[PDB]
Amino acid sequence: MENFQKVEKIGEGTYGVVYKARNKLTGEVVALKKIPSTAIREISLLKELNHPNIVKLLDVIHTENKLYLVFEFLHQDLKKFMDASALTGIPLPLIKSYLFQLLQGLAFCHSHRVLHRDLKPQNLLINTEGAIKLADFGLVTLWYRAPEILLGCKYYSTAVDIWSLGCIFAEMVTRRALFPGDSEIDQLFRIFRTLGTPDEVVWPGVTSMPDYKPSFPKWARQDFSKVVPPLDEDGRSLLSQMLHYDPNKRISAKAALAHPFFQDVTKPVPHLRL
Ligand SMILES: O=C1Nc2ccc(Br)cc2/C1=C1/Nc2ccccc2C1=O
């Protein structure tokens, strides 16, 4: 574990801190994350979760009670890429490519019973070849948190990842966060103000959730054409199904891959300034 020379700190992960590093032994350049015991097992589980759109976990080093995770390294994250494309916007075909690749990754994970649980632009990594990859699966930003989590569901599903990805999809298109709440309640109310306060008609069981309160103000659902213009109907339709309140109504990654929005998907390459 002293076979790694640090080159720079590329992130302050929720869990710990992430470093760009190089293996003195195998010379490869990597991302090193400086982090109980079921941890060692579950994380270890993640090593065999290998897919082109999932950052590979290379090595797990437990030592000196200082768990080190060694990941494949990518030079840029989507957050920085969005900020750099803010003035011109990311071209739709690249938005579409990225969404499609991300859905492929999730459908893979989800098929193996792994959730990400904390998808955010910072956790999506891109390379020069037009690839995008899911990073840093969880075992401050609440902007991408699905409403069932905010309402106190402890046994949430793979649908929470579809929620987050839809929020990111929206942000790529409009160049502004869909629901930038700065508290849990603010986050929930921003969602309600836009998609309308949910009730038993559109979400059976919602008024029985642990943090649901009858006193929640009741907002009407906003015009969906108002939310992500000027995205086309293929796009809006896929996004609406990604943002269904009811987790069991929310589209699955696998079905999303079949939506007509991806009829003409291609794989462009971003112009990256590393
Ligand atoms: O390339 C990486 N692989 C990783 C694996 C796990 C975690 Br956590 C982060 C990263 C990576 C990161 N690469 C970056 C490039 C610019 C800014 C931030 C990051 C990362 O954060």
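Numbers here simply count residues along the sequence, with the first being 1. What's counted below: heavy atoms across the whole structure, side chains too, no hydrogens, waters or symmetry copies.
The closest donor-acceptor contact from the side chain of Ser164 to the backbone of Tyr144 lies under 3.5 Å. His75 places no side-chain N or O within donor-acceptor distance of the main-chain N or O of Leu274, the cut-off being under 3.5 Å. When atom types are taken as modelled, the side chain of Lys56 and the backbone of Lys47 share a donor-acceptor pair closer than 3.5 angstrom. Between the side chain of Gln76 and the backbone N or O of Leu125, no donor-acceptor pair lies under 3.5 Å. Under the 3.5 Å distance criterion, the side-chain polar atoms of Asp211 are matched with a main-chain donor or acceptor of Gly152. With hydrogens and angles ignored, the 3.5 Å screen pairs a side-chain donor or acceptor of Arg236 with a backbone N or O of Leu231. Looking at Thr158, its side chain never comes within 3.5 Å of a backbone N or O of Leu115 through a donor-acceptor pair. Here the side chain of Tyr245 pairs a donor or acceptor atom with the backbone of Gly196 at under 3.5 angstrom.
Between the side chains of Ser97 and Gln101, at least one donor-acceptor pair of N or O atoms lies under 3.5 Å. Side-chain contact check for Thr38 and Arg41: at least one donor-acceptor pair (N or O, by modelled atom type) lies under 3.5 Å.
Grouping the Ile, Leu, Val, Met, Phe, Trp and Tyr side chains by contacts below 4.5 angstrom, directly or via other members, places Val29 apart from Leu32. In the hydrophobic clustering of ILVMFWY residues, with side-chain heavy atoms under 4.5 Å counting as a link, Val7 and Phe73 come out apart. Note: the hydrophobic cluster containing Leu239 does not contain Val160 (ILVMFWY, side chain heavy atoms under 4.5 Å, direct or indirect links). When the side chains of ILVMFWY residues are joined at heavy-atom separations under 4.5 Å, either directly or via intervening members, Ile43 and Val30 end up in two distinct hydrophobic clusters. Follow the hydrophobic side-chain contacts under 4.5 Å out from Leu57 and you never reach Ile40; the two are in separate clusters.
Residues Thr194 and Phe179 meet the side-chain proximity criterion, which asks for heavy atoms closer than 4.5 Å. In this structure, the side chains of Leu243 and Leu178 come closer than 4.5 Å at one or more pairs of heavy atoms. Annotation: side chain of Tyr19 is not in contact with side chain of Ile10 (no heavy-atom distance under 4.5 Å).
Here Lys213 contributes atom NZ and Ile185 contributes atom CD1; the two are 8.5 Å apart, rounded to the nearest 0.5 Å. With rounding to the nearest 0.5 angstrom, the CD atom of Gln187 is 9.0 Å from the CG atom of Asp182. Atom CG of residue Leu45 and atom CD of residue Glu42 lie 6.5 Å apart, to the nearest 0.5 angstrom. Distance CZ/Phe189 to CD/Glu184: 12.0 Å, rounded to 0.5 Å. How far OH of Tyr68 is from CD1 of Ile35: 11.5 Å, rounded to the nearest 0.5 Å.
Cluster partners of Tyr155 are absent, since no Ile, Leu, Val, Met, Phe, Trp or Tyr has side-chain heavy atoms less than 4.5 Å from it.
A pairwise comparison of heavy atoms in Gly27 and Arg22 identifies O-NH2, 3.1 Å as the closest pair. Of all heavy-atom pairs spanning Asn123 and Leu119, the tightest one is ND2-CA, 4.3 Å. The minimum heavy-atom distance linking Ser237 with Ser240 is given by the pair O-OG, 2.8 Å. The heavy-atom pair separating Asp246 from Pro204 by the smallest distance is OD2-CD, 3.8 Å. The two atoms that bring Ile168 and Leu124 nearest to each other are CD1-CD1, 3.8 Å, heavy atoms only. Listed here is the closest heavy atom pair of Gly11 and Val17: O-CG2, 3.2 Å.
Test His110, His116, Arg117 against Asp161 for side chain to side chain donor-acceptor pair (under 3.5 Å) and you get one pass: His110.
For residues 84-93, no residue pair satisfies the salt bridge (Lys or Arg N to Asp or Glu O under 4.0 Å) rule, not counting sequence neighbours.
Annotation for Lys24: atom NZ counts as buried by contact number, over 12 foreign heavy atoms lying within 6.0 Å.
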Can I get a per-line list of side-chain donor-acceptor pairs under 3.5 Å for residues 80-94, giving both atom names and the distance, sequence neighbours left out?
{"from": "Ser85", "atom 1": "OG", "to": "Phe81", "atom 2": "O", "distance (Å)": "3.0"}

Taking distance alone, no hydrogens or angles, what donor-acceptor pairs closer than 3.5 Å link side-chain atoms of residues 130-143 to residues at least two apart or in another chain?
{"from": "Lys133", "atom 1": "NZ", "to": "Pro52", "atom 2": "O", "distance (Å)": "3.1"}
{"from": "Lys133", "atom 1": "NZ", "to": "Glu72", "atom 2": "OE2", "distance (Å)": "3.4"}
{"from": "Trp143", "atom 1": "NE1", "to": "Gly181", "atom 2": "O", "distance (Å)": "2.9"}

What pairs of donor and acceptor atoms, side-chain ones from residues 261-270 against any protein atom, are under 3.5 angstrom apart with sequence neighbours left out?
{"from": "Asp264", "atom 1": "OD1", "to": "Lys96", "atom 2": "NZ", "distance (Å)": "2.7"}

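Ring-plane geometry between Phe108 and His112 is classed as tilted, the angle between the planes lying from 30 to 60 degrees on a 0 to 90 degree scale.
Listed by chain and residue number, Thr26 satisfy the side chain to side chain donor-acceptor pair (under 3.5 Å) test with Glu28 (two or more places apart in sequence, or in another chain).
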